[PDB]
Amino acid sequence: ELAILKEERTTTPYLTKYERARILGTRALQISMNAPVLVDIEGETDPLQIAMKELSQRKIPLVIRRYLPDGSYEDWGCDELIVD
Amino acid sequence: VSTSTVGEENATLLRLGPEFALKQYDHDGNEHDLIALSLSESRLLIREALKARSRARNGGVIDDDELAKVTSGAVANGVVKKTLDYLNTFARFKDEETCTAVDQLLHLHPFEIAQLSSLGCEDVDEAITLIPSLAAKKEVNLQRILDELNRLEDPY
Amino acid sequence: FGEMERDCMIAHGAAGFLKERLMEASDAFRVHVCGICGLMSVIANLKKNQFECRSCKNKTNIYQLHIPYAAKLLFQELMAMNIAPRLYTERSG
Amino acid sequence: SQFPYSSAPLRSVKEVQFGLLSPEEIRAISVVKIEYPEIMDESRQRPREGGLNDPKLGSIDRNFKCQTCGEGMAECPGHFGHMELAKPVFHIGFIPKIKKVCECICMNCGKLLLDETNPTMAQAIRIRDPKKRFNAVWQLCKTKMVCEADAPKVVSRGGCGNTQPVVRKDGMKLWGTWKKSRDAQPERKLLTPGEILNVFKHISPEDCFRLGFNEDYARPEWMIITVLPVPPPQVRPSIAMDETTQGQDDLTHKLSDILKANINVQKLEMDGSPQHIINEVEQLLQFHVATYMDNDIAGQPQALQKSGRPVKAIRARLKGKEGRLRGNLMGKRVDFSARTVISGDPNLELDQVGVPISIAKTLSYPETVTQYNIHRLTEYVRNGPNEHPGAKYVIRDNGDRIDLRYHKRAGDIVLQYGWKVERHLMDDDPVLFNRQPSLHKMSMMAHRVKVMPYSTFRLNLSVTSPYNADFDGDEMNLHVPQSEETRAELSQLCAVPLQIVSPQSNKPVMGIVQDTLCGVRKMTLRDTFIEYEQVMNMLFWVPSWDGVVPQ
Amino acid sequence: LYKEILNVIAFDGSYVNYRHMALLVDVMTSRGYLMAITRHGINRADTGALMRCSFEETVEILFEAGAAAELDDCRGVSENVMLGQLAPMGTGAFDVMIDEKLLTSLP
Amino acid sequence: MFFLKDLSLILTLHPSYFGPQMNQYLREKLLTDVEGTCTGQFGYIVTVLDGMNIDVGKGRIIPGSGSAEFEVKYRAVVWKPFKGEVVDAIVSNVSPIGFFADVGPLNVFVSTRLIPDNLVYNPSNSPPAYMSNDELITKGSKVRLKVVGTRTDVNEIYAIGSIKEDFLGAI
Amino acid sequence: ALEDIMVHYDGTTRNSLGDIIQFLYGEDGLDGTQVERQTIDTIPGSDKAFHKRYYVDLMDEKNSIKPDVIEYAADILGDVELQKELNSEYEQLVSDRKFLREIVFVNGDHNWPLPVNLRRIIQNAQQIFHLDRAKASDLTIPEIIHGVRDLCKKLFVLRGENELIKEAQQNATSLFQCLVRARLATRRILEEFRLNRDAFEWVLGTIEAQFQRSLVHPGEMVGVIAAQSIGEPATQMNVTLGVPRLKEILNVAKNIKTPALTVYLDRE
RNA sequence: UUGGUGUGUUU
Ligand SMILES: [Mg+2]
Ligand SMILES: [Zn+2]
Ligand SMILES: [Zn+2]
Ligand SMILES: [Zn+2]
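In the order they appear, the protein sequences are chains A, B, C, D, E, F and G.
With the authors' numbering applied, the first sequence closes on residue 154, and no number is skipped along the way.
Residues 3 to 9, 22 to 75, 84 to 129, 137 to 185 (the authors' numbering) make up the second sequence, in order.
With the authors' numbering applied, the third sequence closes on residue 1222, and no number is skipped along the way.
Residues 2 to 153, 161 to 189, 194 to 563 (the authors' numbering) make up the fourth sequence, in order.
With the authors' numbering applied, the fifth sequence closes on residue 1457, and no number is skipped along the way.
With the authors' numbering applied, the sixth sequence closes on residue 171, and no number is skipped along the way.
Residues 845 to 1081, 1095 to 1125 (the authors' numbering) make up the seventh sequence, in order.
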C-alpha cells in the first residue's frame, strides 16, 4: 500500500544526531529496564555510557522508520546505517 | 481486545451483522467471499490444525480427548473438547473424500451452503422451512442435492 | 515553563522532553472514548468494570487516552457550548 | 503506574473530528434532566436531587463517591447534564453564519435559490473547499431576491413564489423584511427561533452538501439550541469562602439564573399571559443563554455579579493570555523546577552549575533499580531524606509510595530488581538550565551537577554571554528530567559543547569575558617574563597538561 | 523581499546566514501571494485547526472548526502538544521498531 | 455457525522479555490469550489456524515507556450463534422448566413453554425425560432446535431455544 | 508563523499540509552552522594573472613544471596526450570563470560563505607530512586530473538515480565543485603548495567525509531556529530602518511609510 | 488549605 522495497532507498544512509539521540535514549531506557548488554562493562555502568559503548561499536537491535512525507517509509536497520 | 479486518440479526432473514458480510477482506486488503463452514468442513480444519500444531512442537514426528489437549489453558481445553464431540456426533461427511464431493456438489449464499450440509434433510419441504432464505432463489435440484447428500452420508 | 521555553525546546527539537514536561510532571489525566461517536461520554465503573456509551448503545468500541486535564477541561467546556470535538484514533482521509 | 488499570488499550489521538451537536445526541448522552432552581433540599445536608449539584453528575466532595461512575473525585471526569429549555434559542456563536444561511434559501420549502442551471453557480458547485464554496454561494445568492416557485408547464422546484426576505441582524434578535407585495407593507418582524427551526427541519441533504455543511456532522438545524447542556461541577466547583460556607462558581450562579428564567417561562403558558410578559421572559431566557457563553457582546451592558464585577463566562475562560490554552495548555506551570539567584565561579568547567544543598534535598530523580546500581542506592536509603547524598522514595513495581520521613524501618528493607528509587540530586546528572525569557536556541542548555554549600547558583563565566546574565540578581530556573529518555535527549543535544556555534550568524557565541580576557592580553604582551617557580603552579592548573614543561 | 531583510538587519553591522532569510522569504511567498504574518495569514490557511486556534481569535476559529465539520488529522505541532503526544520532529519525526533481522543474528 | 475469521491481537511486551525467543513467546502468548475466549462481536474463538507459523511482525517501541507493541495478525475458526438459526444439539439435563442442550461450545436452555404440549416431563421414569407416544427426550438425546434468542455476557453467551415449531424435536 | 517546518528525508521543506517551500534546503542542503567565508580564488584578478598562475604548457619548456618538485620529470615534455587533458581542464576553468563571473557572483566580490574549508586540510597535511622538501615528488598530472574529475561526481547531496536527481545534484554542488577546481588545479598544487601522492589521497578522502558531515540533518526545525535567529538581532537593534521597518516587512503593509526606487540608467 | 481583585518591587 505504502511501503517501499529496501533497494530504492534514496534517503541518506547516515545516522544523524536527532536519530542518534532517540536511539541513545531508548536503548538506554531498555538497558535500564534490565535488557542485557552485548558489549563489555569496564567502568561504564551508568546506562548512557553503556549506550554510547554500544553505538561506538554499532551493536543496536533497533529499526528507524523514517516517515517519508507521502506516508511510506524506508525500514533502515541500525546495522546498515553509517554511524557518524 | 481482539479485533478484526472490518473497521437486528435474524438468521431467517440472512442478517448476520457487520462482521459477517458477504465480502470479507484478508490481512492484505484483498477482497474475499465470506467463509462459512459446515459442521463437516469445520471438523476437518479443527482436527487438522490441532494435530499439525502438535507435530510442529515435536519437530516433525487420532483421539479427540487427546487432540484437544494440544490447546493452552483449561478454558481452551473445554471449548475445544465440547466442540469436537459435537462435531464428532453431527458431521455427516466425516472424511475429506466425501467432503470434497459435497464441496463440488454445492459449488447461492455461503450461509445456506453450510446449512444444507450441516442439517440432514429428507425432502424439499423440510429444507425451505429450516432455511427460509432458499424461498426466492428459484433454482432447485435441491432434491437430488439432498438425495446425493443423504447417499454420501455414511452410516453410523 | 512558559511559551518561549517550549519554543526553544522545539528549536532543539527533542520533543520527547516536551512530552515529559506537559504530560508527566503536571496534570496527567486519563479519560475514555467510545470509538463510534468519538466522544468521552463513557461512564467508567471499574471494580465492576463496565461501560456504556449511552447515546449509542456501544459497549465494545472503547479506548482510553492520556491527555492533559486542562485539555479535557477544554473538551467539557466546548461540549457545554455545543461544539463537538470527536477524537478518532485512526487516519481517515 | 500513575493511573489505575483499565482494559481499554492506550492509543493516541489522530484525528480531530470537529462538528456540531444535534439536540438528539445531547438528549442521548446524559443521565439526568435538570429541574430545580434551589441547590439545597431545604438546607438539609445532601442538597436537592433535581437541582444543580446532582451526585449523578460527579461529586465535588472528597468523601462522597460519585453516584454514576462509582469512583472517587480523583478519577471521575464528570458527566454532562442538560437543561431542557422550553423555548429553543440561538447559539450565540453562529449568528452571522445563521444570518447568511437565512439569506440563502427559501422561507417556505427551505430550498437554495440557485441550482446547476445558472452556470457560474454550476462552476461554484465543483469546489472541494467547503468554506469558499459557501462564500461563492453566499455571493451569488445575496442578489437573488425571489424564491422561484418555478425552476430558476411549471417546473415547480419546491417553492411557492413568495419572495425572499431581507435578513438584518440585531444582537440576539433577527429582523427579516419580506417584500410582501409592487410595493406594499414590509413586515419587518422578529424571526422567532422556533419558526426558523421548523424551516431548518425542511432541508434536503443536497442543500446541506452544497451550502457548506455536512449531514452527519453539521446539520444546520443544530445551530439552534433547544437543549442547552449542563457541564459536571468539576468545571464550576464550589470554593471554601471561609472554610464553612461555599461561594459558588459563576457557572453555578448562571445556570441557576437560567433555570429560574426557565421556570418563569413555563409559568406563563400555564396561565393567563398578557402576550409581552411572554415576550420579555423569553427574551430574558435568550439573554441568560447569551451570557452563559459570552459576556463581551457589543452594544449591550455586561452581565454583572454580586460585587460589581463582570461574570466569568466560558469565552472568558478561553481567550486571553491567561486562558486555558496560552495560560494552561500551550504553556503552563509545572513541577520539578527550582529557582534562585546566581553567582559567578571561574573555578569550574564549562558544563557545570553549582547546586545549593537544600535544592538538592528537595528535588530528586528516579533512577531505576537495576542490577548494576543496587549498592549505592541502598546506601542512599541509608542516608534517608535528611542527608545528602541520599534518597526520598521507593516506588515499587506496582505504585507504592513510601515517604521516608514517615517510616521508622529503613533497615529492614531489601529492594527488588526493577523497582524505582528517587535519589537526591547527586553530582554529574543532566539538569536543564534556563533563563526567562528564551530568545534563541541556546537559551536552554544542559549542564552537569556540582554540589556546593552557601545557597546560590554557580556558573562558568564563559556561559554568561549566551544566556545574557549579569549578576545583579538574575533568576535562572532548573528543570529536572524524570526519566532516562529525556536525560539522553538533553545530554546529546542541549549540552553546551554541541551548541557553541550559532546559526544566527554561523560563529561561536560563547567566548571570553571580562577578567580572563583582559588578563590574558596583559599576560602575553612581548615584554612579560615569569620566573620558573611561579610557572610550576601555573602549568599545574591545566587539567590537560601532560607533565612536560616547555623549554 | 530578501534584499529588504538583508538590508535592514545588516545595517547595524549584524550578520545573518543566507538560508534563514531564504526560508523566511520563501514561506512568505509559498502560495503565490504574500502570506503575511498575522491572523489573516495563518488562520486563512487550511492547515491544522488547533494550530490555527493557538495563535489568535480562538473562540471564532473554534466556532468555525465545529461549524463546518473539519477533519484535522493533527499533523500540526500545537495539536500534538496539547493532545499530549509524541510531536512530529526531532526524535519524534519517526518511529522506531524492533528488528527480527538483527535479533535473528543474535543468539 | 462456524466461520473462518481474520483477527488480530495487540500484544505489549515488557523490555525484560527482549530476548532470543521473543517471537516464539508472542506466538504462545496469542494462543493462551485468544483460544477458548468468547466475545459477542465474533463468538467463541475455537482454534487458531497455523499457530506455529503466525507472523508477529515487528514491535514498535512506545515512546516514553520502552515497551514494545506488536500487532499479531491471525486466522481462526470461530463459532457464533444467531437468532433464527436451526442447529442440532445434545441434551445435557432435563428439569421441570425444560431441558438444556449442548450445541458445541455453549449450552442452550429450552423452556417448557417452548416445548410442544404432548411432551410431558416424567420424573418417575428411569432415566427422567420429556415423553410422548413416539417421542423421547432424555439426557443424551439428539435434538434439533432453533436459536430464538442470544444473550451476551462477553464471557459466555446464553442462547434460549425452542422445539415448538415444524421439523424441530427429537431426531 | 513557522512552527512546524521540518526538513524531511528528501531535502525538501514542507509545512503540516505538505506545501513545499524550498525544493532543496537553503538552496544547498548544507547545515547552517557549518560554513566559513572563504575565497573562490578564480574570481578576481586579470586574465594575465589567471593565465600566468594556471595555464599549463607542455610544449614550451620553461612555462611547464620546474622539474625540481617532481620525480618523473624525464617522462613528460611534449606529449599532446596529456596536453589535451590540460587544455580541456583550462577550458573547464574558463567555463567556471565565466560561470562564477557572469551568472552567480556578478559583481565579483569573491568572499562568500561556503562549506568545508579545504586550505586548512592542505596545510594540516603539510604540517603532518613534514612538507618542506624542496624535493621531487612522484604524483603525476593525470592522477590529479582524474582525482578532481572523480571528485566532482562523488559529492552526493541528493542521492538516487532519477533524472531530476542527477540534474538537482549538478544544480546543487556547482559552486562547491567550482571552489575545489578554483583551488586544486594542477599548476597551483604542483607549484605553490607542493604536495605528494599520499597527502593528495588523504585530501580526497577527507573532503569526501566532511562534505558528508556538513549536510543538513533531517528534522532540523529550521523555521523555529530561523524565526528565533532573526528575532534575536531585532532585540538589540533618510530611510526607515530597525524595528518598524522589520514590522512593516513582516506584517506586510500596502502602505509602508517611505518607499523608494533603485533606478539605474543606461550605459551611455 | 481558599478564591477573586488591586498595589508596589526584582531581572
Ligand atoms: Mg541585569
Ligand atoms: Zn458512541
Ligand atoms: Zn462518575
Ligand atoms: Zn418559496
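Think of the CB as a built atom: it goes at the ideal place given N, C-alpha and C, for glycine as much as any other residue.
7 Å Cβ shell around residue i - same chain, five flanking residues per side excluded
i, result
"D/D439", "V461, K462, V463"
"residue 173 of chain F", "The shown model of chain F, from 1 to 171, leaves out residue 173 of chain F, and the question about it has no answer."
"G/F867", "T856"
"D/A302", "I93, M180, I309"
"C/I1196", "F1158, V1160"
"D/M253", "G259"
"A/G147", "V133"
Reference residue i, options the options, closest by Cα
i, options, result
"F/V120", "F/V94, F/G19, F/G40", "F/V94"
"G/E871", "E/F1361, E/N1367, E/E1450, E/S1455", "E/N1367"
"F/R27", "F/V56, F/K142, F/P123, F/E35", "F/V56"
"E/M1432", "E/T1441, E/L1400, E/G1382", "E/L1400"
"E/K1451", "A/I152, A/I111, A/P131", "A/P131"
"C/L1207", "D/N385, D/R327, D/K534, D/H491", "D/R327"
Residues sharing a beta bridge with residue i, DSSP
i, result
"C/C1163", "C/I1191"
"D/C506", "Looking at the DSSP assignment, D/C506 forms no beta bridge with any residue, so it has no partner."
"D/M456", "D/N446"
"G/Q970", "Looking at the DSSP assignment, G/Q970 forms no beta bridge with any residue, so it has no partner."
"E/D1422", "D/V17"
"D/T171", "D/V147"
"D/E50", "D/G52"
"D/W183", "D/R176, D/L202"
"F/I90", "F/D102, F/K142"
"G/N955", "G/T883"
Chain-order list of residues whose beta-carbon lies under 8 Å from that of residue i (same chain, five-residue window excluded)
i, result
"C/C1185", "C1163, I1165, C1166"
"D/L271", "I35, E36, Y37, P38, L53, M84"
"G/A917", "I909, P911, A980"
"F/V34", "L7, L9, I45, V48, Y74, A76"
"G/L1048", "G991, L995"
"G/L926", "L902, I920, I985, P986"
"C/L1175", "none"
Neighbourhood of residue i by C-beta, 6 Å cutoff - its chain only, sequence neighbours within 5 removed
i, result
"B/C150", "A156, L175"
"A/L108", "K129"
"F/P105", "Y44, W79"
"F/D88", "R144"
Beta-carbon separation (whole angstroms), residue i vs residue j, contact threshold 8 Å
i, j, result
"D/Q298", "D/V90", "5 Å"
"D/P493", "D/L502", "6 Å"
"F/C38", "F/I160", "About 17 Å; that fails the 8 Å criterion."
"D/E497", "A/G95", "4 Å"
"residue 1242 of chain C", "E/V1446", "No information on residue 1242 of chain C is available, as it lies outside the stretch 1130 to 1222 that chain C covers here."
Closer than 5 Å: residues whose CB approaches a heavy atom of ligand 2 | C/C1163, C/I1165, C/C1166, C/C1182, C/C1185, C/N1187
Could you name the residues whose beta carbon sits closer than 7 Å to any heavy atom belonging to ligand 1, keeping them in chain order?
-> D/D482, D/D484, D/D486
Using the beta carbon as the reference atom, which residues fall closer than 5 Å to any heavy atom of ligand 3, ordered along the chain?
-> D/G59, D/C67, D/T69, D/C70, D/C77
Residues passing the C-beta test against ligand 4 heavy atoms, cut-off 6 Å | Answer in sequence order: D/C107, D/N109, D/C110, D/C148, D/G167, D/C168, D/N170.
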